[PDB]
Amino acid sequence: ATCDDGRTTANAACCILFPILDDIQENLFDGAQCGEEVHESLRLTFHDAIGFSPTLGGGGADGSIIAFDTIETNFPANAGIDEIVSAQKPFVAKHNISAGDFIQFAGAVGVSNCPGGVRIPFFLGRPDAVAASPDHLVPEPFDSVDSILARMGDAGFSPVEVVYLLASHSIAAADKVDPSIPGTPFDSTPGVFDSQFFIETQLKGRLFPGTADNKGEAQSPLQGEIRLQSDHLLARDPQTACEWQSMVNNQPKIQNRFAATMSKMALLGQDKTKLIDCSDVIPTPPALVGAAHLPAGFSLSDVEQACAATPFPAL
């Protein structure tokens, strides 16, 4: 199909996304930058989608975190999410797509701004949300590995798929974990979708980048980085450690698995056979140019190797 402005897309129904794409690149992502707004929007895709439990309800990736923001932003695991919900809401009001479609579309567009990034498959047509997420369905950085895996598994993700989705922490920072140092990133390259997150979480903890007493926070290996206790444990737990290490210096796997697993997450509560594929509207991401590395001055002896089957790669 050819849209009114001449841009093309496989299905014609997708044409309505082009003006929306232009508006968000300019007015949500500050000129298509891989910065805080993109990171916030990616976090939002998960906080929307994970509100899905076979036994309790919730419609998964349904826009409920916006439609029922009064409720969902009261949940403690949603701290800080009000900021991005309030930023996205006017876009949903102005354009003619559901909040559930918008949240996933904005997340996919955002990721495409980041070097190393992928185009997450995107489907159009989610109905408006009809119920708020149940309470207590979002994992916290102070939850055990068993608790996190049980929650994610309840929503349909295997332990390896949890590791794949956590590639998101390669373009990510924390504001609430330690409020004395807001915007401290989870890896040394928060504006690059790369394997540095999987590398740097494997390093021995050395210090706290801000204050020392924060719930859900582990020692960081670097002054300019923060570490979640959940990522600390996941990198080391027999259930996840080998898959974690397998992502290191393995950008093709990070790309493939993140795109596929993000699509699955984006479709929680939905049926792709009743939606329209509009994946080709997402921009083409830049590629990486620099190689994966330990931080300068660090060596293998600084790595806490946790995979009995396979030694940590020599970087």
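Numbering starts at 1 and follows the sequence shown.
**Student:** Comparing 235-243 with 191-199, which has the greater mean CA B-factor as deposited?
**Tutor:** The stretch with the larger average C-alpha B-factor is 235-243.
**Student:** According to the deposited model, is the average Cα temperature factor higher in 177-185 or in 162-170?
**Tutor:** Looking at the record's C-alpha B-factors, the answer is 177-185.
**Student:** In terms of CA temperature factor as recorded, identify the highest of 220, 229, 73, 214.
**Tutor:** Spelled out: the listed residue with the top C-alpha B-factor is 214.
**Student:** Quick one: which of 150, 138, 93, 103 has the biggest Cα B-factor according to the entry?
**Tutor:** In this record, 93 carries the highest C-alpha B-factor of the candidates.
**Student:** In terms of the chain's CA B-factor thirds, is residue 264 lowest, middle or highest?
**Tutor:** Its C-alpha B-factor belongs to the middle third of this chain's values.
**Student:** In terms of the chain's CA B-factor thirds, is residue 86 lowest, middle or highest?
**Tutor:** Within its chain, residue 86 is a highest-third residue by C-alpha B-factor, going by the deposited values.
**Student:** Splitting the chain's C-alpha B-factors into thirds, which one does residue 129 fall into?
**Tutor:** CA B-factor rank for residue 129: middle third.
**Student:** What third of the chain does residue 45 rank in for C-alpha temperature factor, lowest, middle or highest?
**Tutor:** It falls in the bottom third of the chain.
**Student:** Hey, what third does residue 276 fall into on Cα B-factor, ranked over its chain?
**Tutor:** For residue 276, whose C-alpha B-factor we compare with every modelled residue in the chain, the answer is the highest third.
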